[PDB]
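So the structure is just underneath, and the comments pick up after that.
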Amino acid sequence: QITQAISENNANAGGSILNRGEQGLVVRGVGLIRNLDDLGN
Amino acid sequence: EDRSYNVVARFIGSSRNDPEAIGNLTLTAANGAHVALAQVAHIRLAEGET
């Protein structure tokens with residue numbers, strides 16, 4: 001369950017395009033693991 | 001028929017018009033309570049290469 005949940009917990013996704021007026025905004029976000037301090041969670 | 005299409009569940013319109021709205025969006029939790037993602041994921045604004 002641990003391995004399944006931690007392998008599930010790692011992922012990223014794009015938010016397509018948000019429109020404010022004529023301005024397009026690519027919605028980006030990343031919770032992607034980088035350091036080992038983030039591994040503990 | 002021979003044709004095929006997709007099926008998509010999407011937030012309606014002004015649901016996300018801007019950072020503030022997206023901050024107020026909700027998702028579940030382990031303790032069984034709706035939590036706004038602004039309480040967890042920090043939402044900011046920055047430009048990036050096209």
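Letters for chains follow the order of the structure tokens (A, B, ...), residue numbers begin at 1 for each chain, and ligand numbers begin at 1 in the order shown.
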
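The list of residues with at least one atom within 7 Å of region 29-45 of chain B, based on only C-alpha atoms and without residues fewer than 5 positions apart in the same chain, reads residues 19, 23 and 24 of chain B.
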
Residue selection dump (C-alpha atoms) as a PDB file, in the first residue's frame:
```
ATOM      1  CA  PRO B  19      -5.796  32.794  -9.733  1.00  0.00           C
ATOM      2  CA  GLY B  23      -7.307  29.048  -5.126  1.00  0.00           C
ATOM      3  CA  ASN B  24     -10.866  28.635  -3.882  1.00  0.00           C
TER       4      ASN B  24
END
```

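All residues of chain A that DSSP, run on the backbone, classes as strand (DSSP E or B) are residues 13, 14, 15, 16, 17, 18, 19, 20, 23, 24, 25, 26, 27, 28 and 29 of chain A.
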
Practice problem: Specify as a list in words all residues of chain B found within 8 Å of chain A, counting only C-alpha atoms. | Solution: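 For chain B, the answer reads residues 16, 17 and 18 of chain B.
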
Write a file of the just-selected residues containing N, CA and C atoms, as a short mmCIF file (atom, residue, chain, number, x, y, z; two decimals), in the first residue's frame.
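Listing of part09.cif after writing:
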```
data_model
loop_
_atom_site.label_atom_id
_atom_site.label_comp_id
_atom_site.auth_asym_id
_atom_site.auth_seq_id
_atom_site.Cartn_x
_atom_site.Cartn_y
_atom_site.Cartn_z
N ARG B 16 -12.95 28.78 -13.09
CA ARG B 16 -11.63 29.41 -13.09
C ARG B 16 -11.55 30.53 -14.14
N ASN B 17 -11.61 31.77 -13.68
CA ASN B 17 -11.31 32.90 -14.55
C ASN B 17 -9.95 33.51 -14.25
N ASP B 18 -9.31 33.05 -13.18
CA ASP B 18 -8.23 33.81 -12.54
C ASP B 18 -7.66 33.05 -11.34
#
```

Quiz item: In Å to one decimal, how far is CA of residue 11 (chain A) from CA of residue 48 (chain B)?
Solution: 20.6 Å

Practice problem: Write down as a PyMOL selection string the residues belonging to chain B that are assigned alpha helix (DSSP H) by DSSP computed on the backbone. | Solution: chain B and resi 19-23

Writing out the chosen residues with N, CA, C and O atoms as a compact mmCIF listing (two decimals), in the first residue's frame:
```txt
# COMPACT_ATOMS: atom_id res chain seq x y z
N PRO B 19 -6.45 33.44 -10.88
CA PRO B 19 -5.80 32.79 -9.73
C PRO B 19 -6.67 32.66 -8.48
O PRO B 19 -6.66 31.61 -7.84
N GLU B 20 -7.40 33.72 -8.13
CA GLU B 20 -8.19 33.74 -6.91
C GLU B 20 -9.24 32.64 -6.90
O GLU B 20 -9.46 31.98 -5.88
N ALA B 21 -9.90 32.44 -8.03
CA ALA B 21 -10.92 31.41 -8.16
C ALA B 21 -10.31 30.03 -8.00
O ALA B 21 -10.81 29.20 -7.24
N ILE B 22 -9.22 29.78 -8.72
CA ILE B 22 -8.53 28.49 -8.67
C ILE B 22 -8.08 28.18 -7.25
O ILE B 22 -8.12 27.02 -6.82
N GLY B 23 -7.68 29.21 -6.52
CA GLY B 23 -7.31 29.05 -5.13
C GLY B 23 -8.47 28.54 -4.30
O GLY B 23 -8.29 27.74 -3.39
```

Practice problem: Go ahead and compute the interatomic distance for CA of residue 46 (chain B) and CA of residue 33 (chain A), in Å to one decimal. | Solution: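 According to the coordinates, CA of residue 46 (chain B) and CA of residue 33 (chain A) are separated by 20.3 Å.
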
Quiz prompt | Point-to-point distance in Å for CA of residue 2 (chain A) and CA of residue 32 (chain A) | solution =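 A separation of 18.1 Å between them.
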